[PDB]
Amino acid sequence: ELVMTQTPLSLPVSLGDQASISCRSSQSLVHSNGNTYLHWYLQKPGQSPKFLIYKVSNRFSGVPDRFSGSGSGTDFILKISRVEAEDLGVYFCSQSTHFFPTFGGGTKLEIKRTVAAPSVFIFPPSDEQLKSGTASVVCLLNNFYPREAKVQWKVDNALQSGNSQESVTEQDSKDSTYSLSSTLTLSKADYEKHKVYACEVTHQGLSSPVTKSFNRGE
């Protein structure tokens, strides 16, 4: 069967620069009938793939001219000259010259942009949840770059470990930033043992860690 190999797995690239994704089949993709059936798709996060390039070098309808396919035989390139924020996603090549059609492993294209500080918001647990018997405290870091961020929780000024979770969005398709939530989950009983609830953020954008807090019953 037909291995297709994409490189790189992840391609970091700056706005306005050129991105090159390479794709390489175990055997030649030229059909006995003259044609090379190598295609490119793009999948943005949560979304179904979108048809991008067909037969090596032809853009599909509605596809920006800045996308460009090339190569022959066993090796192919997709070029995204002058990159835009909305170009973010996973790029797949696909051969259908030989039965059965295959897809390469995909290349995730990441944008690089200037550092950008988070906005931090804290959320007490609600009454409705408190009366359901648990307490979740939510800390939100909105629109930041780069991704890596240190979020510590402090409860009455004691450092917490291993009782919170983080979730991170995909890079935003307009401004390429990330957002993150840290959630402290406690039982309503542990919760009422303390008054102060604080999340302290450390990030490349901020010159000093930012702390966002509240005392219970506010």
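Numbering starts at 1 and runs along the sequence shown.
Look at the mean CA B-factor for 155-163 and for 51-59 in the entry; the higher one is 155-163. Higher mean CA temperature factor, per the PDB entry, when comparing 29-37 with 179-187: 29-37. Per the PDB record, 73 has a higher Cα B-factor than any other of 73, 146, 105, 89. Ranked by Cα temperature factor within the chain, residue 81 sits in the middle third according to the deposited record. When the modelled residues of the chain are ordered by their C-alpha B factor, residue 142 lands in the lowest third. Per the deposited record, the Cα B-factor of residue 133 falls in the highest third when ranked against the other modelled residues of its chain. Split the chain's modelled residues into thirds by C-alpha temperature factor. Residue 126 is in the highest one.
Residue 196 sits in the highest third of its chain by CA B factor, as recorded in the PDB entry.
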